[PDB]
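model-v8.cif (mmCIF, C-alpha atoms and all ligand atoms) appears below.
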```
data_structure
loop_
_atom_site.label_atom_id
_atom_site.label_comp_id
_atom_site.auth_asym_id
_atom_site.auth_seq_id
_atom_site.Cartn_x
_atom_site.Cartn_y
_atom_site.Cartn_z
CA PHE A 165 0.00 0.00 0.00
CA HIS A 166 1.09 3.59 -0.84
CA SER A 167 2.50 5.69 2.05
CA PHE A 168 0.83 9.13 2.04
CA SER A 169 1.98 12.27 3.84
CA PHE A 170 -0.72 13.37 6.39
CA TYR A 171 -0.47 16.87 4.81
CA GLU A 172 -1.35 15.66 1.26
CA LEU A 173 -4.48 13.92 2.67
CA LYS A 174 -5.27 17.09 4.70
CA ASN A 175 -4.84 19.14 1.48
CA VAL A 176 -7.10 16.94 -0.80
CA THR A 177 -9.98 16.76 1.76
CA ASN A 178 -10.14 20.62 2.06
CA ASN A 179 -8.38 20.38 5.51
CA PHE A 180 -10.55 17.41 6.66
CA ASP A 181 -13.77 19.48 6.16
CA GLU A 182 -16.06 17.80 8.78
CA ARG A 183 -19.25 19.29 7.25
CA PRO A 184 -21.27 16.64 5.29
CA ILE A 185 -20.94 16.68 1.45
CA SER A 186 -24.70 17.64 1.22
CA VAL A 187 -23.79 21.08 2.78
CA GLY A 188 -20.46 21.72 0.93
CA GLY A 189 -17.96 19.76 3.08
CA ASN A 190 -16.01 16.49 2.61
CA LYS A 191 -17.57 14.18 5.28
CA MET A 192 -19.12 11.02 3.77
CA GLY A 193 -19.61 9.17 7.06
CA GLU A 194 -18.46 8.52 10.62
CA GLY A 195 -18.32 5.82 13.30
CA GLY A 196 -16.90 5.09 16.74
CA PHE A 197 -13.34 4.78 15.36
CA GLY A 198 -13.22 7.70 12.87
CA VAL A 199 -14.55 9.96 10.09
CA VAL A 200 -14.54 9.25 6.31
CA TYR A 201 -13.73 12.09 3.91
CA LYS A 202 -13.92 12.44 0.11
CA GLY A 203 -10.49 13.15 -1.40
CA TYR A 204 -8.83 13.55 -4.82
CA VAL A 205 -5.36 11.91 -5.38
CA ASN A 206 -3.60 11.76 -8.85
CA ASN A 207 -6.88 12.36 -10.89
CA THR A 208 -8.59 9.56 -8.80
CA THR A 209 -11.39 10.15 -6.26
CA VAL A 210 -10.52 8.42 -2.96
CA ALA A 211 -12.00 7.94 0.52
CA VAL A 212 -9.85 8.93 3.48
CA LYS A 213 -10.69 7.56 6.92
CA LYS A 214 -9.13 9.70 9.67
CA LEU A 215 -8.88 7.67 12.90
CA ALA A 216 -10.33 9.21 16.09
CA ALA A 217 -11.48 7.96 19.52
CA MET A 218 -15.19 8.85 19.00
CA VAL A 219 -16.42 5.97 21.23
CA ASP A 220 -13.89 5.88 24.14
CA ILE A 221 -10.87 3.60 23.39
CA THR A 222 -7.11 4.18 23.99
CA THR A 223 -4.67 5.67 21.38
CA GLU A 224 -2.76 2.31 21.66
CA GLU A 225 -5.98 0.30 20.87
CA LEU A 226 -6.73 2.68 17.92
CA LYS A 227 -3.15 2.05 16.64
CA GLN A 228 -3.61 -1.77 17.01
CA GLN A 229 -6.88 -1.55 14.97
CA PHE A 230 -5.01 0.58 12.34
CA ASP A 231 -2.21 -2.09 12.10
CA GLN A 232 -4.79 -4.96 12.01
CA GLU A 233 -6.73 -3.34 9.12
CA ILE A 234 -3.51 -2.98 7.00
CA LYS A 235 -2.48 -6.62 7.86
CA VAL A 236 -5.94 -8.06 6.92
CA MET A 237 -5.94 -5.96 3.68
CA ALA A 238 -2.47 -7.31 2.68
CA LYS A 239 -3.73 -10.93 3.16
CA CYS A 240 -7.36 -10.60 1.88
CA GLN A 241 -8.12 -9.43 -1.72
CA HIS A 242 -11.56 -10.27 -3.17
CA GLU A 243 -14.34 -8.80 -5.39
CA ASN A 244 -16.53 -8.37 -2.25
CA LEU A 245 -14.04 -6.66 0.11
CA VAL A 246 -13.28 -2.90 -0.08
CA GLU A 247 -9.83 -2.15 -1.50
CA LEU A 248 -7.23 -0.24 0.58
CA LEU A 249 -4.97 1.99 -1.57
CA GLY A 250 -2.75 3.43 1.18
CA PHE A 251 -2.31 4.90 4.66
CA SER A 252 -0.71 7.74 6.65
CA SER A 253 1.07 7.52 10.04
CA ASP A 254 3.52 10.52 9.93
CA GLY A 255 1.33 13.49 10.96
CA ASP A 256 -1.23 14.54 13.61
CA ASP A 257 -3.63 11.59 13.05
CA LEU A 258 -3.68 8.06 11.52
CA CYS A 259 -5.40 7.85 8.06
CA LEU A 260 -6.52 4.93 5.86
CA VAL A 261 -7.05 5.55 2.07
CA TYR A 262 -9.58 3.51 0.07
CA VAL A 263 -10.97 3.09 -3.45
CA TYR A 264 -13.93 5.51 -3.63
CA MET A 265 -17.35 3.81 -3.12
CA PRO A 266 -19.75 6.18 -4.98
CA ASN A 267 -22.81 4.55 -3.43
CA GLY A 268 -21.53 4.78 0.16
CA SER A 269 -22.83 2.31 2.76
CA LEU A 270 -25.74 -0.15 2.54
CA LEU A 271 -26.98 1.42 5.88
CA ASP A 272 -27.24 4.86 4.17
CA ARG A 273 -28.78 3.46 0.97
CA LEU A 274 -31.43 1.58 2.97
CA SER A 275 -32.30 4.82 4.81
CA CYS A 276 -32.12 6.79 1.46
CA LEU A 277 -29.77 9.28 3.20
CA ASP A 278 -29.33 12.54 1.19
CA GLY A 279 -32.30 11.64 -1.05
CA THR A 280 -30.84 8.65 -2.92
CA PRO A 281 -33.58 6.51 -4.60
CA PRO A 282 -34.65 3.35 -2.67
CA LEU A 283 -32.83 0.11 -3.59
CA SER A 284 -34.92 -2.25 -5.74
CA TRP A 285 -35.57 -5.85 -4.54
CA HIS A 286 -33.41 -6.96 -7.56
CA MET A 287 -30.47 -4.76 -6.28
CA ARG A 288 -31.00 -5.97 -2.65
CA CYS A 289 -30.75 -9.69 -3.68
CA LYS A 290 -27.45 -8.95 -5.55
CA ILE A 291 -26.11 -7.02 -2.49
CA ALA A 292 -27.01 -9.90 -0.07
CA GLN A 293 -25.29 -12.45 -2.41
CA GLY A 294 -22.20 -10.23 -2.76
CA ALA A 295 -21.91 -9.65 1.02
CA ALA A 296 -22.23 -13.45 1.66
CA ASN A 297 -19.48 -14.04 -0.97
CA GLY A 298 -17.19 -11.60 0.88
CA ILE A 299 -17.87 -13.21 4.32
CA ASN A 300 -17.25 -16.63 2.67
CA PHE A 301 -13.84 -15.44 1.40
CA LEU A 302 -12.97 -14.22 4.96
CA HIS A 303 -14.04 -17.51 6.68
CA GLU A 304 -12.27 -19.63 3.98
CA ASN A 305 -9.15 -17.56 4.78
CA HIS A 306 -9.63 -18.16 8.57
CA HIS A 307 -10.61 -14.57 9.46
CA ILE A 308 -13.51 -13.60 11.73
CA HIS A 309 -14.76 -10.07 10.93
CA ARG A 310 -16.43 -9.39 14.38
CA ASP A 311 -18.36 -6.30 13.16
CA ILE A 312 -20.69 -7.39 10.31
CA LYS A 313 -23.34 -4.64 9.91
CA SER A 314 -24.93 -2.57 7.12
CA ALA A 315 -22.57 0.40 7.85
CA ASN A 316 -19.71 -2.09 7.02
CA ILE A 317 -21.11 -3.12 3.61
CA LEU A 318 -20.09 -0.54 1.00
CA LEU A 319 -21.45 -0.09 -2.50
CA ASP A 320 -19.32 0.57 -5.54
CA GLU A 321 -20.12 2.14 -9.00
CA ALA A 322 -22.14 -1.08 -9.90
CA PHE A 323 -23.73 -1.45 -6.43
CA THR A 324 -21.39 -4.44 -5.82
CA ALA A 325 -21.26 -5.20 -2.06
CA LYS A 326 -17.80 -4.54 -0.49
CA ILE A 327 -17.29 -5.56 3.19
CA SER A 328 -15.31 -2.90 5.07
CA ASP A 329 -13.70 -2.08 8.49
CA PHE A 330 -11.26 -4.89 9.37
CA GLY A 331 -9.83 -3.13 12.47
CA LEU A 332 -11.41 -5.77 14.80
CA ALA A 333 -10.87 -8.80 12.49
CA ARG A 334 -9.24 -11.91 14.03
CA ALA A 335 -7.37 -14.87 12.55
CA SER A 336 -8.85 -18.21 13.78
CA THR A 342 -13.69 -21.92 20.44
CA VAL A 343 -11.68 -18.88 21.76
CA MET A 344 -12.63 -16.41 24.57
CA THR A 345 -11.59 -12.74 24.97
CA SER A 346 -11.75 -10.24 27.86
CA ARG A 347 -12.22 -7.27 25.47
CA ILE A 348 -15.83 -7.57 24.21
CA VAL A 349 -16.07 -5.57 20.95
CA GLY A 350 -18.69 -5.14 18.17
CA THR A 351 -22.05 -3.34 17.65
CA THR A 352 -24.60 -4.64 20.23
CA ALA A 353 -27.73 -4.42 17.96
CA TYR A 354 -25.98 -7.01 15.62
CA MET A 355 -24.03 -9.21 18.11
CA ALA A 356 -24.61 -12.93 18.61
CA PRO A 357 -25.40 -13.97 22.24
CA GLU A 358 -22.02 -15.84 22.54
CA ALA A 359 -20.12 -12.77 21.14
CA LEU A 360 -21.74 -10.63 23.91
CA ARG A 361 -20.26 -13.15 26.42
CA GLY A 362 -16.76 -12.84 24.88
CA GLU A 363 -16.63 -15.90 22.58
CA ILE A 364 -14.67 -15.45 19.30
CA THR A 365 -16.21 -17.61 16.54
CA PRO A 366 -17.10 -17.19 12.79
CA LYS A 367 -20.59 -18.44 13.85
CA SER A 368 -21.10 -14.90 15.34
CA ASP A 369 -20.52 -13.25 11.86
CA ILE A 370 -23.39 -15.46 10.56
CA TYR A 371 -25.75 -14.13 13.28
CA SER A 372 -24.81 -10.48 12.53
CA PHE A 373 -25.35 -11.19 8.80
CA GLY A 374 -28.86 -12.42 9.73
CA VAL A 375 -29.55 -8.92 11.21
CA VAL A 376 -28.25 -7.37 7.90
CA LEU A 377 -30.69 -9.57 5.91
CA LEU A 378 -33.58 -8.28 8.11
CA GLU A 379 -32.43 -4.66 7.38
CA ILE A 380 -32.40 -5.48 3.63
CA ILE A 381 -35.97 -6.95 3.75
CA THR A 382 -37.51 -4.24 5.97
CA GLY A 383 -35.42 -1.12 5.29
CA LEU A 384 -35.43 -0.64 9.06
CA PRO A 385 -32.24 0.14 11.05
CA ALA A 386 -31.05 -2.58 13.54
CA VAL A 387 -31.83 -0.21 16.46
CA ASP A 388 -34.21 2.79 16.71
CA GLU A 389 -34.81 4.23 20.21
CA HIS A 390 -38.09 5.91 19.02
CA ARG A 391 -39.47 2.62 17.49
CA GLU A 392 -41.41 -0.32 19.06
CA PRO A 393 -39.60 -2.83 19.08
CA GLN A 394 -36.34 -0.84 19.53
CA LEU A 395 -34.23 -3.79 18.24
CA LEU A 396 -34.86 -5.21 14.76
CA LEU A 397 -33.84 -8.79 15.77
CA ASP A 398 -36.99 -8.79 18.04
CA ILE A 399 -39.25 -8.91 14.85
CA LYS A 400 -38.14 -12.57 14.33
CA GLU A 401 -39.80 -13.37 17.73
CA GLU A 402 -42.96 -11.41 16.75
CA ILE A 403 -43.15 -13.36 13.42
CA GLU A 404 -42.37 -16.78 15.08
CA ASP A 405 -44.97 -16.16 17.86
CA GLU A 406 -47.52 -15.51 14.99
CA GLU A 407 -48.06 -11.97 16.42
CA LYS A 408 -47.07 -10.60 12.92
CA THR A 409 -45.86 -11.79 9.42
CA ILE A 410 -42.77 -10.80 7.31
CA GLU A 411 -45.38 -9.16 4.94
CA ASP A 412 -46.17 -6.59 7.71
CA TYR A 413 -42.45 -5.64 7.83
CA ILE A 414 -41.39 -5.81 4.10
CA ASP A 415 -39.94 -2.43 2.98
CA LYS A 416 -42.76 -0.56 1.14
CA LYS A 417 -40.12 1.46 -0.81
CA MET A 418 -39.87 -1.26 -3.54
CA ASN A 419 -42.22 -2.23 -6.36
CA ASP A 420 -40.39 -5.40 -7.61
CA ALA A 421 -40.44 -7.72 -4.57
CA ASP A 422 -42.25 -11.06 -4.80
CA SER A 423 -43.49 -13.13 -1.77
CA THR A 424 -41.46 -16.27 -2.72
CA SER A 425 -37.97 -14.64 -2.87
CA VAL A 426 -38.73 -12.38 0.18
CA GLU A 427 -39.80 -15.49 2.21
CA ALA A 428 -36.65 -17.30 0.93
CA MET A 429 -34.42 -14.40 2.19
CA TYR A 430 -36.34 -14.27 5.53
CA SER A 431 -35.82 -18.05 5.94
CA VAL A 432 -32.01 -17.52 5.49
CA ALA A 433 -32.10 -14.59 8.01
CA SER A 434 -34.12 -16.72 10.50
CA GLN A 435 -31.59 -19.63 10.27
CA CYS A 436 -28.64 -17.19 10.76
CA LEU A 437 -30.42 -15.78 13.86
CA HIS A 438 -30.61 -19.13 15.73
CA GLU A 439 -29.65 -18.25 19.35
CA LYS A 440 -27.68 -21.55 19.60
CA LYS A 441 -24.47 -21.00 17.51
CA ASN A 442 -24.28 -24.70 16.42
CA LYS A 443 -27.78 -24.66 14.85
CA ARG A 444 -26.82 -21.79 12.49
CA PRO A 445 -25.82 -22.59 8.88
CA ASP A 446 -22.17 -22.01 7.94
CA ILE A 447 -21.33 -19.29 5.32
CA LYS A 448 -21.23 -21.81 2.39
CA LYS A 449 -24.83 -22.93 3.16
CA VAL A 450 -25.88 -19.20 3.44
CA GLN A 451 -24.36 -18.56 -0.09
CA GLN A 452 -26.12 -21.65 -1.53
CA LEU A 453 -29.53 -20.61 -0.06
CA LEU A 454 -29.12 -16.98 -1.36
CA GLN A 455 -28.15 -18.35 -4.85
CA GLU A 456 -31.29 -20.63 -4.85
CA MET A 457 -33.46 -17.60 -3.88
CA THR A 458 -32.62 -15.93 -7.28
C1 LIG B 501 -16.02 5.71 9.92
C2 LIG B 501 -17.18 5.21 9.07
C3 LIG B 501 -17.26 3.69 9.08
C4 LIG B 501 -16.05 2.98 8.42
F1 LIG B 501 -15.34 3.77 7.59
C5 LIG B 501 -16.67 1.84 7.59
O1 LIG B 501 -16.05 1.01 6.95
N1 LIG B 501 -18.04 1.87 7.74
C6 LIG B 501 -18.52 3.10 8.38
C7 LIG B 501 -19.23 4.02 7.36
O2 LIG B 501 -18.30 4.23 6.32
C8 LIG B 501 -18.73 4.87 5.20
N2 LIG B 501 -19.92 5.46 5.19
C9 LIG B 501 -20.27 6.10 4.01
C10 LIG B 501 -19.48 6.13 2.89
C11 LIG B 501 -18.22 5.47 2.92
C12 LIG B 501 -17.39 5.42 1.78
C13 LIG B 501 -16.18 4.76 1.81
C14 LIG B 501 -15.43 4.70 0.52
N3 LIG B 501 -14.42 3.79 0.37
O3 LIG B 501 -15.73 5.43 -0.43
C15 LIG B 501 -15.76 4.17 3.03
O4 LIG B 501 -14.53 3.59 2.99
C16 LIG B 501 -14.10 2.87 4.13
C17 LIG B 501 -16.54 4.21 4.16
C18 LIG B 501 -17.80 4.84 4.10
#
```

Would it be possible to restate this file's structure as structure tokens?
Amino acid sequence: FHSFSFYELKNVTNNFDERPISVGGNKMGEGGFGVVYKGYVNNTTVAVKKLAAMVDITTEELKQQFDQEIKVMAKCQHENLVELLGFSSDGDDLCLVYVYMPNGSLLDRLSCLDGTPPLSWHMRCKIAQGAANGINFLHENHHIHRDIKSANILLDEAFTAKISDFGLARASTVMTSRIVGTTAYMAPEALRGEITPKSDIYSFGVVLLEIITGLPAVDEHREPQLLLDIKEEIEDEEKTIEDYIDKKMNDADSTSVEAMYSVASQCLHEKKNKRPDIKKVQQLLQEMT
């Protein structure tokens, strides 16, 4: 990967202009570990992630996540993983430079952030297949992602799904004392500190529910607050998947929606050993289409 000067990245992002693009700035997104800015290097549009302790972690832990991301990127190259172009470690803050994803995150496209048109059911099926292909590549290469979520599924110029954020990824059960991930997506065993690829399957199940419903995984002003709770409502015959299907599509059919819900439901088994592995998930998503 190309070594950038912090100052060149500062220069091409209009001094890390924290205002969103929609208001004239360079900010494309943000999370607990940093902010993503639109940049322009050598006649190529790029994304620059500037690392920052947004959700309280140490500078040493932020540096370990920076090193882990570069290490995972050097070992894992695939059609369904975002491509790292370079990094910066010389100046004021750590930066990671990526291939520009013109369609941003699946989370933002599902919410239609900035007025983007809703994703068709056809597009959503391709995205789910692509994301499963990327997770499959990771598990085949003995890596556990640990943070599968719609904010970590990016969308390129062809709406091809690209899994992102490998700062927490682990080479492979095993237990840890540092419980990390996004709670609204975490498997029960992951919440207890277990490190297993079976947890990535569970989180992917939550992503499939977001794809079907267009609803975020957590919404404090919604009943139920957690999306994974709709599975219980459907199972207990209180509601149907039909009641939750995203209304912002005109090309969905009952058969393929029920087929995707069935995959999501199997991924969301509370007992890790009853969940399908990633290869079975891929097969089921291929059969859906
Ligand atoms: C700090 C934000 C976190 C983290 F960066 C991540 O992987 N998921 C989150 C959201 O990220 C993004 N949101 C919108 C748009 C985004 C475009 C790109 C991109 N290559 O053009 C991007 O690259 C990595 C991240 C983008």

Name the closest residue to residue 259 in chain A among the candidates A:442, A:458, A:293, A:229; distances are taken between atoms, counting only C-alpha atoms. A:229

Taking only C-alpha atoms and all ligand atoms into account, which residues are within 9 Å of ligand LIG 501 (chain B), as a PyMOL selection string? chain A and resi 191-202+209-215+246-248+260-272+313-320+327-330

Residues of range 267-385 of chain A that approach range 437-441 of chain A to 8 Å or less, counting all atoms listed in the file: could you list each one with the shortest pair of atoms and its distance in Å to one decimal, rows by chain and increasing residue number, as CSV?
```
residue,atom,partner,partner_atom,distance
A:356,CA,A:439,CA,7.4
A:357,CA,A:439,CA,6.7
A:358,CA,A:441,CA,7.6
A:367,CA,A:441,CA,5.9
A:368,CA,A:441,CA,7.3
A:370,CA,A:437,CA,7.8
A:371,CA,A:437,CA,5.0
A:372,CA,A:437,CA,7.8
A:374,CA,A:437,CA,5.5
A:375,CA,A:437,CA,7.4
```

Which is closest to residue 238 in chain A among A:364, A:309, A:250, A:424, if we use only C-alpha atoms?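 Answer, going by the shortest atom-to-atom distance: A:250.
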
For range 273-278 of chain A, list every protein, DNA or RNA residue within 12 Å, evaluated using only C-alpha atoms, and leave out those in the same chain fewer than 6 positions away; present the list as an MDAnalysis selection string. chainID A and resid 184:187 192:193 266:267 284:285 287:288 291 314:315 317:320 323 325 376:386 415:418

Check the smallest atom-to-atom distance from each of A:406, A:297, A:175, A:321 to residue 455 in chain A using all atoms listed in the file, then report the winner.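 Between A:406, A:297, A:175, A:321, the residue approaching residue 455 in chain A most closely is A:297.
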
Nearest-residue call for residue 232 in chain A, choices A:308, A:332, A:170, A:279, using only C-alpha atoms: A:332

Length of the CA of residue 448 in chain A to CA of residue 422 in chain A vector [Å]: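 Atom-to-atom, CA of residue 448 in chain A and CA of residue 422 in chain A are spaced 24.7 Å apart.
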
Would you kindly place N, CA, C and O atoms on range 278-300 of chain A and return the model as a JSON list (two decimals), in the coordinates of the input?
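Output contents, as saved in selection-v1.json:
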```
[["chain", "number", "residue", "atom", "x", "y", "z"],
["A", 278, "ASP", "N", -29.59, 11.51, 2.19],
["A", 278, "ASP", "CA", -29.33, 12.54, 1.19],
["A", 278, "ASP", "C", -30.26, 12.51, -0.03],
["A", 278, "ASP", "O", -30.02, 13.23, -0.99],
["A", 279, "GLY", "N", -31.31, 11.69, 0.02],
["A", 279, "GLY", "CA", -32.30, 11.64, -1.05],
["A", 279, "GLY", "C", -32.00, 10.67, -2.17],
["A", 279, "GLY", "O", -32.57, 10.80, -3.25],
["A", 280, "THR", "N", -31.15, 9.66, -1.91],
["A", 280, "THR", "CA", -30.84, 8.65, -2.92],
["A", 280, "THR", "C", -32.09, 7.79, -3.15],
["A", 280, "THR", "O", -32.85, 7.58, -2.21],
["A", 281, "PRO", "N", -32.38, 7.34, -4.39],
["A", 281, "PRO", "CA", -33.58, 6.51, -4.60],
["A", 281, "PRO", "C", -33.51, 5.17, -3.85],
["A", 281, "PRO", "O", -32.42, 4.62, -3.68],
["A", 282, "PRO", "N", -34.66, 4.64, -3.37],
["A", 282, "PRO", "CA", -34.65, 3.35, -2.67],
["A", 282, "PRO", "C", -34.08, 2.22, -3.53],
["A", 282, "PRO", "O", -34.26, 2.22, -4.75],
["A", 283, "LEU", "N", -33.41, 1.26, -2.89],
["A", 283, "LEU", "CA", -32.83, 0.11, -3.59],
["A", 283, "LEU", "C", -33.94, -0.82, -4.01],
["A", 283, "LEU", "O", -34.84, -1.10, -3.22],
["A", 284, "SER", "N", -33.90, -1.31, -5.26],
["A", 284, "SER", "CA", -34.92, -2.25, -5.74],
["A", 284, "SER", "C", -34.70, -3.62, -5.06],
["A", 284, "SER", "O", -33.62, -3.86, -4.53],
["A", 285, "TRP", "N", -35.71, -4.50, -5.09],
["A", 285, "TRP", "CA", -35.57, -5.85, -4.54],
["A", 285, "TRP", "C", -34.49, -6.60, -5.34],
["A", 285, "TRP", "O", -33.70, -7.32, -4.75],
["A", 286, "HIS", "N", -34.43, -6.38, -6.68],
["A", 286, "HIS", "CA", -33.41, -6.96, -7.56],
["A", 286, "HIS", "C", -32.00, -6.58, -7.05],
["A", 286, "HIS", "O", -31.18, -7.46, -6.86],
["A", 287, "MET", "N", -31.75, -5.27, -6.79],
["A", 287, "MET", "CA", -30.47, -4.76, -6.28],
["A", 287, "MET", "C", -30.15, -5.38, -4.90],
["A", 287, "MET", "O", -29.01, -5.76, -4.62],
["A", 288, "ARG", "N", -31.16, -5.45, -4.02],
["A", 288, "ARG", "CA", -31.00, -5.97, -2.65],
["A", 288, "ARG", "C", -30.56, -7.45, -2.65],
["A", 288, "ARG", "O", -29.71, -7.83, -1.83],
["A", 289, "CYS", "N", -31.14, -8.27, -3.55],
["A", 289, "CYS", "CA", -30.75, -9.69, -3.68],
["A", 289, "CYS", "C", -29.28, -9.80, -4.11],
["A", 289, "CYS", "O", -28.55, -10.61, -3.55],
["A", 290, "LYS", "N", -28.85, -8.97, -5.09],
["A", 290, "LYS", "CA", -27.45, -8.95, -5.55],
["A", 290, "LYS", "C", -26.50, -8.53, -4.42],
["A", 290, "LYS", "O", -25.43, -9.11, -4.26],
["A", 291, "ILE", "N", -26.90, -7.50, -3.63],
["A", 291, "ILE", "CA", -26.11, -7.02, -2.49],
["A", 291, "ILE", "C", -25.94, -8.12, -1.41],
["A", 291, "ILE", "O", -24.84, -8.31, -0.90],
["A", 292, "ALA", "N", -27.03, -8.82, -1.08],
["A", 292, "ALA", "CA", -27.01, -9.90, -0.07],
["A", 292, "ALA", "C", -26.08, -11.04, -0.53],
["A", 292, "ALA", "O", -25.28, -11.53, 0.26],
["A", 293, "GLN", "N", -26.16, -11.42, -1.83],
["A", 293, "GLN", "CA", -25.29, -12.45, -2.41],
["A", 293, "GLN", "C", -23.83, -12.04, -2.36],
["A", 293, "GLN", "O", -22.99, -12.82, -1.92],
["A", 294, "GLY", "N", -23.54, -10.80, -2.77],
["A", 294, "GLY", "CA", -22.20, -10.23, -2.76],
["A", 294, "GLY", "C", -21.60, -10.18, -1.37],
["A", 294, "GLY", "O", -20.48, -10.62, -1.18],
["A", 295, "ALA", "N", -22.37, -9.71, -0.37],
["A", 295, "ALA", "CA", -21.91, -9.65, 1.02],
["A", 295, "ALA", "C", -21.60, -11.07, 1.56],
["A", 295, "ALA", "O", -20.58, -11.27, 2.21],
["A", 296, "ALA", "N", -22.45, -12.07, 1.24],
["A", 296, "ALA", "CA", -22.23, -13.45, 1.66],
["A", 296, "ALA", "C", -20.95, -14.00, 1.01],
["A", 296, "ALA", "O", -20.19, -14.73, 1.66],
["A", 297, "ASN", "N", -20.70, -13.61, -0.27],
["A", 297, "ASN", "CA", -19.48, -14.04, -0.97],
["A", 297, "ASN", "C", -18.23, -13.48, -0.30],
["A", 297, "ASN", "O", -17.22, -14.18, -0.18],
["A", 298, "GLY", "N", -18.30, -12.24, 0.18],
["A", 298, "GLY", "CA", -17.19, -11.60, 0.88],
["A", 298, "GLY", "C", -16.91, -12.24, 2.23],
["A", 298, "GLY", "O", -15.75, -12.47, 2.57],
["A", 299, "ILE", "N", -17.99, -12.54, 3.01],
["A", 299, "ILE", "CA", -17.87, -13.21, 4.32],
["A", 299, "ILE", "C", -17.28, -14.61, 4.10],
["A", 299, "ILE", "O", -16.39, -15.03, 4.85],
["A", 300, "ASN", "N", -17.76, -15.31, 3.04],
["A", 300, "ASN", "CA", -17.25, -16.63, 2.67],
["A", 300, "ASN", "C", -15.75, -16.59, 2.42],
["A", 300, "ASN", "O", -15.04, -17.47, 2.92]]
```
